[PDB]
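Okay, so here's the structure we're looking at.
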Amino acid sequence: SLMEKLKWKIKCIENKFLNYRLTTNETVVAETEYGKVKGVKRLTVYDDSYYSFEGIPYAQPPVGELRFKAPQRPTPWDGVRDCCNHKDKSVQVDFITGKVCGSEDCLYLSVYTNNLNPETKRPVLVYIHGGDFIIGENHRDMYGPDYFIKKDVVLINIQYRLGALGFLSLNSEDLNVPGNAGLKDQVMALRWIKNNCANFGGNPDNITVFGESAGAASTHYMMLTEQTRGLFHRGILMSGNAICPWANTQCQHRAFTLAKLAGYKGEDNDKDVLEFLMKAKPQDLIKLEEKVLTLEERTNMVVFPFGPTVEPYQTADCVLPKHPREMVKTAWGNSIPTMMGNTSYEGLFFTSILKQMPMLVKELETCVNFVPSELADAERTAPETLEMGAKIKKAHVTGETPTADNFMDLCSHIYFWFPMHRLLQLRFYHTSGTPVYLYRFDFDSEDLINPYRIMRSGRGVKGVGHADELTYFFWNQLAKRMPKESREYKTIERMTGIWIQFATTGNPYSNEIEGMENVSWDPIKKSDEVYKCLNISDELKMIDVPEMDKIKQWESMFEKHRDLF
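Going by the authors' numbering, the first residue of the sequence shown is number 6, and it counts up by one from there.
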C-alpha cells in the first residue's frame, strides 16, 4: 500500500533520530578470540541501559570464491574493531519497498547486555530470526534488545545467508556446494557464541537458542545436526519446526533454472551453471528468485525455491545428511529441555493473500490439496484421498459454505499445529524423559504492533496472528513506551520473564512472574491424550490446548497408514 509505504518511510527517519537520542557517549572494549571490539552504551525509552556490540564477524565475508560455500573462519585483527553500528542485512527483497537491499557481507552477530562485568555468569539467549529463509536481519529497528536487557541475561542476535546465496545446492561433489550454507552460518555463529560469550558476561554452559517461524525451524535444525552436538542447553521453537512442510525442499535442479533466468546460455551441468552464478551480481539472483519455481513445482505446492535441503553427498560441514524426520531418530537436541508453542490464530497471516485471491477458498470444497503429500495419490483423485480431504473439511468448515476464516484456521493446522503434534509424538521415541513444555500465545492488542501486521493488511482486524508475539519480546521502530499498568507492558514482562526463566533453569515456571503464582505447568508426557499448555492472554492460565480436537482429526488421516505418521 502506498499509504503504508509513506508511513513506513516517516517511521524510519523518526527512528533514526530517536536512536541518536538513545545513544550515550560511553563506549567500552571487549575481547574476542579474533580481536578486540568496541561497543556503546545505549538507553531504552524506559530508561534502562545496555551495552551494544553490532557487526561482530563470525565468518569471513562470503564473497568471491566463497560465494555459495560453507562459511570460513574470519581473519583476526589487531587494534579495536568498531562495533557501535549495525552492518548490512543479507541480500533480500525488502518486504515493504519491494526492492532488493542488503549485501553479501552479512555474516555478523550482535551482543547485548546491561552489564559487561556481572557478579555471576549469565544465561545466554541466542535469537535466530525467521523470514522463510529469504528475508530478515538482526537490525534493532525490528529486533531491539530493549525488553530483554531489563534482566540479567546476555542476548545475541545472529544473521545468516538467505535465499539462493544461502541455499544453493548442486549434486556434483567436486564443486563443494552441497547446500545449507545459511544453516552452516548458524552453526559457525553458535560455535563463536560458545567460545566467546564469557567475554561479555555469559555462561557458556547455559546457552538457549530460540527463533520464530523459519527461525524456529532453524533452531530445530540446530538441535538435530551432529555439527552442534552439545553446543547449547535449551531450545525454544516458536511457531515452527524442522518437520514442517515449508521448512525444507530438494532444490538441486533449481540452480540451472535460476541461471537461465539470469541470462545463462549454456547446458544444464552443475559446473557450467555454477561458474555463471559465481559471476552474477547478487541483486540479480535474489530479484529473480520469485520466478524460479516451475509450473510443476507450483502445482505440487512447493513453497520456496531455495531453502534447507537434504544434502546430496557428505562434507566436513554437512548439516542435514538425511531428512529431518530421520534426523530426529538420533538427534542430540532431543535430550535438552525444550519449549514449543504457537499463537491462537496463526493462519491470520494469510489475510491479505486471501483478499488478493478470494478464489483460494474454493480449495476447501474437497480439501484434497491439503492432504499430506505422503498420503495422497499423485493425481489427488483417489477415493481414499478424497476421504482424507473430507476429514480435513469437517475439521475446519463450520458452516454451510467455506469461508476465508475457515481457510485461515486450516492454515494454522497444516503449517504449525499438526507438524508440532507429529514432532512431539516422534520425539517421544527418541528421548529419555527430557521435558518439553507447551505455550499458546493468546494476547491481542493493537496499541503495540510490529511490521508483520502491515504485511497481512491486519490493521483493525482482531486475532493473534503468526509473529504477533514478537512485539512483546523485541522493541521495534513502530513500538512506543507503554504505561507500567498497561496490559501490553505486563505482557512484555511476562513473555520475556518466562523465556528468561526457561533459559535459566530448563523450566518455564516461576512464582516471581506476575500472574504465574497459581500455575502448575507440567511437561507433555507420552501418555497424554490431550496436551496442556500455558495460555498467555490478559491472564496466565493452564488449559487443554483448544486446537486438540482438530489436531486429532488431522491425525485420524493416518489411521490406516500409521507408519507414515
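Where is the CB? At the ideal position from N, CA and C, for every residue including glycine.
key: For residue 197 and residue 63, believed in contact at Cβ under 8 Å, the rounded distance   = Numbered from its first residue, the sequence shown carries residue 63 at position 58. Numbered from its first residue, the sequence shown carries residue 197 at position 192. In this structure residue 63 touches residue 197 by the C-beta definition: roughly 4 Å separates them, less than 8 Å.
query = Taking the continuous beta strand (DSSP E) assigned at residue 326, which residues delimit it?
reply = Mapped onto the sequence shown, residue 326 falls at position 321. Where residue 326 is concerned, there is no enclosing beta strand (DSSP E), given that its DSSP letter is neither H nor E.
inquiry  = On the criterion of 16 or more Cβ atoms from any shown chain inside 10 Å, does residue 407 qualify as buried, or is it exposed?
reply    = Indexing the sequence shown from 1 puts residue 407 at position 402. Buried, by the Cβ-count rule.
message = Can you give me the C-alpha to C-alpha distance between residue 475 and residue 455, rounded to a whole angstrom?
response = Locating residue 475 in the sequence shown gives position 470, where the first residue counts as 1. Locating residue 455 in the sequence shown gives position 450, where the first residue counts as 1. Rounded to the nearest angstrom, the two C-alpha atoms are 7 Å apart.
inquiry  = Can you tell me whether residue 224 is buried or exposed? The criterion is at least 16 other CB atoms within 10 Å of its CB, across all chains shown.
reply    = By one-based count along the sequence shown, residue 224 stands at place 219. The residue in question, residue 224, is buried, as its Cβ has 16 or more Cβ neighbours within 10 Å.
task = Scan the stretch 42 to 113 and note each continuous beta strand (DSSP E) run of 3 residues or more that stays entirely inside, going in chain order.
result = You should have 54 to 62 and 85 to 87.
request  = May I ask which residues mark the beginning and end of the beta strand (DSSP E) holding residue 540?
outcome  = Here residue 540 corresponds to residue number 535 of the sequence shown, with the count starting at 1. From DSSP, the beta strand (DSSP E) with residue 540 extends over 537 to 541.
inquiry  = Judging by CA-CA distance, which residue of 424, 400 and 425 is the nearest neighbour of residue 415?
reply    = By one-based count along the sequence shown, residue 415 stands at place 410. In this structure, 400 is the residue among 424, 400 and 425 with its C-alpha nearest to the C-alpha of residue 415.
message = Classify residue 300: buried if its beta carbon has 16 or more other beta carbons within 10 angstroms, exposed otherwise.
response = Walking along the sequence shown from the start, residue 300 turns up at place 295. It counts as exposed.
query = Do you know how far the Cα of residue 432 is from the Cα of residue 534?
reply = Here the question's residue 534 lines up with position 529 in the sequence shown. Here the question's residue 432 lines up with position 427 in the sequence shown. Their backbone Cα atoms lie some 15 Å apart in a straight line.
task = Could you work out which residue in 411, 480 and 333 is closest to residue 363 when comparing CA atoms only?
result = Your numbering for residue 363 matches position 358 in the sequence shown. For the residues 411, 480 and 333, the minimum Cα distance to residue 363 belongs to 411.
key: 6 Å Cβ shell around residue 343 - same chain, five flanking residues per side excluded   = Position 338 of the sequence shown, counting from 1, holds the residue named residue 343. Answer for residue 343: 240 and 441, listed in chain order.
key: Distance CB(residue 453)-CB(residue 487) smaller than 8 Å   = Residue mapping note: residue 453 aligns to position 448 of the sequence shown, counting from 1. Residue mapping note: residue 487 aligns to position 482 of the sequence shown, counting from 1. In this structure, residue 487 lies closer than 8 Å to residue 453 by Cβ.
ask   = Relative to the C-alpha of residue 179, which residue among 438, 421 and 279 is closest?
value = Residue numbering aside, residue 179 sits at position 174 when the sequence shown is read from its first letter. Out of 438, 421 and 279, the CA that lies nearest to the CA of residue 179 is found in 279.
query = Thinking C-beta only, is residue 514 closer than 8 Å to residue 496?
reply = For the purposes of this step, residue 496 is identified with residue 491 of the sequence shown, where counting begins at 1. For the purposes of this step, residue 514 is identified with residue 509 of the sequence shown, where counting begins at 1. Not closer than 8 Å, so no.
task = Buried or exposed for residue 107, please, with buried defined as at least 16 other CB atoms from any protein chain shown within 10 angstroms of its CB.
result = One-based indexing of the sequence shown puts residue 107 at position 102. It counts as buried.
ask   = Since residue 83 and residue 40 are thought to touch, with beta carbons under 8 Å apart, how far apart are those beta carbons, to the nearest angstrom?
value = For the purposes of this step, residue 83 is identified with residue 78 of the sequence shown, where counting begins at 1. For the purposes of this step, residue 40 is identified with residue 35 of the sequence shown, where counting begins at 1. Contact between residue 83 and residue 40 holds, with the beta-carbon distance rounding to 7 Å and staying under 8 Å.
ask   = Which term fits residue 458, buried or exposed, when burial requires 16 or more other beta carbons within 10 angstroms of its beta carbon?
value = Residue numbering aside, residue 458 sits at position 453 when the sequence shown is read from its first letter. It is buried - the Cβ of residue 458 has at least 16 other Cβ atoms within 10 Å.
key: Given residue 302 as reference, the closest of 449, 272 and 262 once Cα atoms are compared   = By one-based count along the sequence shown, residue 302 stands at place 297. The shortest CA-to-CA distance from residue 302 to any of 449, 272 and 262 is the one to 262.
request  = Apply the 10 Å Cβ neighbour rule to residue 144 and answer buried if 16 or more other Cβ atoms are within range, or exposed otherwise.
outcome  = On the sequence shown, position 139 is the one that residue 144 refers to. Classification for residue 144: buried.
message = Please classify residue 537 as buried or exposed, where buried requires at least 16 neighbouring CB atoms within 10 angstroms.
response = Start at 1 with the first residue of the sequence shown, and residue 537 comes out as number 532. Flag for residue 537 reads buried.
request  = Please report the Cβ distance between residue 473 and residue 75, rounded to the nearest whole angstrom; I am assuming they are in contact, meaning their Cβ atoms lie under 8 Å.
outcome  = Within the sequence shown, residue 473 is the residue found at index 468, counting from 1. Within the sequence shown, residue 75 is the residue found at index 70, counting from 1. Actually they are not in contact, since the Cβ atoms of residue 473 and residue 75 sit about 35 Å apart, beyond 8 Å.
ask   = Taking the alpha-carbon positions, what's the residue 234 to residue 60 distance?
value = Translated into the one-based positions of the sequence shown, residue 234 becomes position 229. Translated into the one-based positions of the sequence shown, residue 60 becomes position 55. Just so you know, the alpha carbons of residue 234 and residue 60 end up roughly 26 Å apart.
task = Go ahead and label residue 444 buried or exposed: buried means 16 or more other beta carbons lie within 10 angstroms of its beta carbon, across all protein chains shown.
result = Taking the sequence shown and counting its residues from 1, the one referred to as residue 444 is at position 439. Here residue 444 is buried, its C-beta having at least 16 other C-beta atoms within 10 Å.
key: residue 275 beta carbon less than 8 Å from that of residue 114   = Stepping through the sequence shown from its first residue, residue 114 is reached at position 109. Stepping through the sequence shown from its first residue, residue 275 is reached at position 270. In this structure, residue 114 lies away from residue 275, with their beta-carbon atoms at least 8 Å apart.
query = Would DSSP call residue 432 helix, strand or coil?
reply = Here the question's residue 432 lines up with position 427 in the sequence shown. Assigned with DSSP and collapsed to three states, residue 432 falls in helix.
request  = May I have a chain-ordered list of the beta strand (DSSP E) segments no shorter than 3 residues that lie completely inside the stretch 206 to 248?
outcome  = If we require 3 residues or more, the beta strand (DSSP E) runs fully inside the stretch 206 to 248 come out as 207 to 217 and 239 to 243.
CA nearest to the CA of residue 471, picked from 155, 220, 210 and 327 = Taking the sequence shown and counting its residues from 1, one reaches residue 471 at position 466. Checking every option, the nearest Cα to that of residue 471 belongs to 220.
request  = Give the DSSP-derived three-state secondary structure of residue 149 in the structure shown.
outcome  = What you label residue 149 is simply residue 144 of the sequence shown in a count that begins at 1. Here residue 149 sits in strand by DSSP.
request  = With distances taken Cα to Cα, identify the nearest neighbour of residue 318 among 123, 521, 480 and 177.
outcome  = Here residue 318 refers to the residue found at position 313 when the sequence shown is read from its first residue. That would be 177, whose Cα lies nearest to the Cα of residue 318.
ask   = Where do the ends of the beta strand (DSSP E) carrying residue 548 lie?
value = Numbered from 1 along the sequence shown, position 543 holds the residue referred to as residue 548. Here the beta strand (DSSP E) through residue 548 covers 545 to 549.
ask   = Beta carbon of residue 372, beta carbon of residue 397: below 8 Å?
value = As a working mapping, residue 372 is identified with position 367 in the sequence shown. As a working mapping, residue 397 is identified with position 392 in the sequence shown. Closer than 8 Å, so yes.
query = Any idea if residue 217 is buried or exposed, counting beta-carbon neighbours within 10 angstroms, 16 or more meaning buried?
reply = In the sequence shown, counting from the first residue as 1, residue 217 sits at position 212. The Cβ neighbour count for residue 217, taken over all protein chains shown within 10 Å, is at least 16; the residue is labelled buried.
ask   = To which residues of the same chain is residue 333 closer than 8 Å at the C-beta, ignoring the five residues directly before and after it?
value = For this step, residue 333 is matched to residue 328 along the sequence shown. Taken in chain order, the residues that qualify are 229, 248, 339, 428, 431, 432 and 435.
ask   = Near residue 13, what residues of its chain come up, given a Cβ to Cβ distance below 6 Å and the 5 sequence neighbours on each side ignored?
value = Within the sequence shown, numbered from 1, the residue matching residue 13 stands at position 8. Counting only Cβ-Cβ distances below 6 Å, and skipping sequence neighbours, we find 101.
inquiry  = In this structure, how does DSSP classify residue 346 when only helix, strand and coil are distinguished?
reply    = Taking the first residue of the sequence shown as 1, we reach residue 346 at position 341. In the structure shown, residue 346 sits in a strand (DSSP, three-state: E or B).
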